[PDB]
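Asks: Here's a sequence, model it:
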Amino acid sequence: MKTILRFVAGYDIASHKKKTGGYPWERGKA
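Replies: Residues are numbered from 1 along each chain as shown. Structure data below:
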């Protein structure tokens, strides 16, 4: 995960817009 910045970038917005489906352990090592 070197250029994941492009992947997480969209997730940071999509997760903030929709906000749903997110396990307590499946949150990027907390």
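Asks: any idea where the helices of this structure begin and end?
Replies: For the chain, helices defined by DSSP state H occupy the ranges 5-17.
Asks: At the geometric centre of this protein, which residue sits there?
Replies: residue 11 (4.4 Å; CA atoms, centre = their mean).
Asks: Excluding its own residues, what touches stretch 6-20? List them.
Replies: residue 22 (CB atoms under 8 Å, 6 or more residues apart in numbering). All C-beta spots, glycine's among them, are computed from the backbone N, C-alpha and C.
Asks: And that stretch, what's buried?
Replies: When burial is assessed from 16 or more other CB atoms under 10 Å, stretch 6-20 yields no buried residues.
Asks: How far does that stretch sit from its chain's centre?
Replies: Its chain's C-alpha centre and that of stretch 6-20 lie 6 Å apart, by CA atoms, centre = their mean, to the nearest Å.
Asks: i'd like the first residue to be 621 from this point on
Replies: From this message on, residue numbering opens at 621, which makes the last subject stretch 626-640.
Asks: could I have that stretch exported to CSV, CA atoms only?
Replies: Provided in CSV are the C-alpha atoms of stretch 626-640 (Å, rounded to 0.1, in the frame of the first residue of the first chain):
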residue,chain,number,x,y,z
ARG,A,626,-5.8,7.6,-4.1
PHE,A,627,-7.9,4.7,-2.7
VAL,A,628,-8.4,6.0,0.8
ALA,A,629,-9.0,9.5,-0.6
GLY,A,630,-12.3,8.4,-2.1
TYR,A,631,-13.1,6.3,0.9
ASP,A,632,-12.7,9.2,3.3
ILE,A,633,-15.4,11.1,1.4
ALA,A,634,-17.7,8.1,0.6
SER,A,635,-17.5,6.9,4.2
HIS,A,636,-18.4,10.4,5.4
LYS,A,637,-21.2,10.9,2.9
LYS,A,638,-22.9,7.5,3.2
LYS,A,639,-21.4,6.3,6.5
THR,A,640,-22.4,2.7,6.8
